[PDB]
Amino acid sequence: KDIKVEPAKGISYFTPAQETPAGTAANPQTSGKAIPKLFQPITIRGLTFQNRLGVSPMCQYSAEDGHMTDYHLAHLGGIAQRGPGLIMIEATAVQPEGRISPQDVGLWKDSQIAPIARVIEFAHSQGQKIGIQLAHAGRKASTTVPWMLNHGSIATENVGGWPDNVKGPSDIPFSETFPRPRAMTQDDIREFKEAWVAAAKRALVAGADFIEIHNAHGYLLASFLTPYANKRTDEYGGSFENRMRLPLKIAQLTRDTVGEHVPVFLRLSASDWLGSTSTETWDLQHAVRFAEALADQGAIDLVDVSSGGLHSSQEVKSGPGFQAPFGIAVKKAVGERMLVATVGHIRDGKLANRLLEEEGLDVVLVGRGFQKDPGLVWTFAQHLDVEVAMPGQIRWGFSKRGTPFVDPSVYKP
């Protein structure tokens, strides 16, 4: 009668509200069929996710001095528009020299909050949840952007690199094309920990709903863990007991600065894909042990189980759900003390729901699949015959009345 087009609430600008957020499955379900676990909500701390299909964090090598531009709104905003359970922002440097590339996002200054907040604000206008993977590239810092012919090389001070400011647990390079790391002094660690706390606060200011700690891909914290990159003879190296000291502090510190209401995640690498060797390697057993130590600690809410990037001589056997067995191995070890999410060439909805139902995991992350298909939530929903919400701008053409839910039978691939 006089139904009005209501504005999304809390946003510096107008856009139509979405009353059911996109990616929310129909709870009654016209089919009468039950909603599969992939499209079942998850409440972690004071935060609920309409589904369990997340966008894994993905560096776009498109910021300037760590500042997001319009680009990232067009990038992330189109994906947030189509209803992913959660969006993770790319590795965001805590210190300038912890950037991977010179084009990385960073959050070591307050000028980098607004660029990110503008995107987090678009996600929020659509009713989505969005967060930030805090990172430090350790001995893999000051490299080249990876679509460049110079890819896999050192970023010189002429490209904006810092070849003489790469820091890590010890002074051993990752590769021969990679830079020479400088053993981090206690002054270094101290400031890194201060810088992590500083960056997390700016993230909450930007409007992140959760924080993920990047302790993976041989970047740092991960390098502290792997014995062959950390030959320190102090309390931060030596035993496995010691090599975890710093990761466990950052976990504690992140939880401290966000409080009790903000989910905290941790990404780790489960194996270094190093073939039979008699020396100490980062194998699944090590990962599960670290994961166990984290559940003892109580800080983290979820472990994000990736692999690789740890050692230059890896031999990763990529394939569909190839690193799903790692995350299973971790959930059997921690059970319901922590949640785990998996990632890695998860390409259809069946595999996704199965890794959550049969194999008993909590959250499925996709990366490349969203880059090629920003509507994967709709695609996966179609794989499992699930009716899911899509925003009004997008659904009304794929209709027949006034439900916020799309029939999985329409525009079937």
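Start at 1 and count along the sequence shown; that's the residue number.
- In this entry, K400 is separated from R401 by 1 to 3 residues of the deposited sequence that have no coordinates.
- The question of which stretch, 151 to 159 or 287 to 295, has the higher mean Cα B factor is settled in favour of 151 to 159.
- Checked against the record, the higher mean CA B factor of 137 to 145 and 76 to 84 lies with 137 to 145.
- The maximum CA B-factor among the listed residues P263, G127, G131, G168, taken from the PDB record, is found at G168.
- Looking only at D348, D373, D362, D65, the residue with the top Cα B factor in the deposited structure is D65.
- Ranked against the other modelled residues of its chain, the C-alpha B-factor of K317 as given in the entry falls in the highest third.
- In the PDB entry, a CA B factor belonging to the lowest third of its chain's modelled residues is recorded for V343.
- Among all modelled residues in this chain, the alpha-carbon of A91 has a temperature factor (C-alpha) in the lowest third.
- The deposited CA B-factor of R354 belongs to the middle third of values across its chain.
- In the deposited entry, the Cα temperature factor of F122 places it in the lowest third of its chain's modelled residues.
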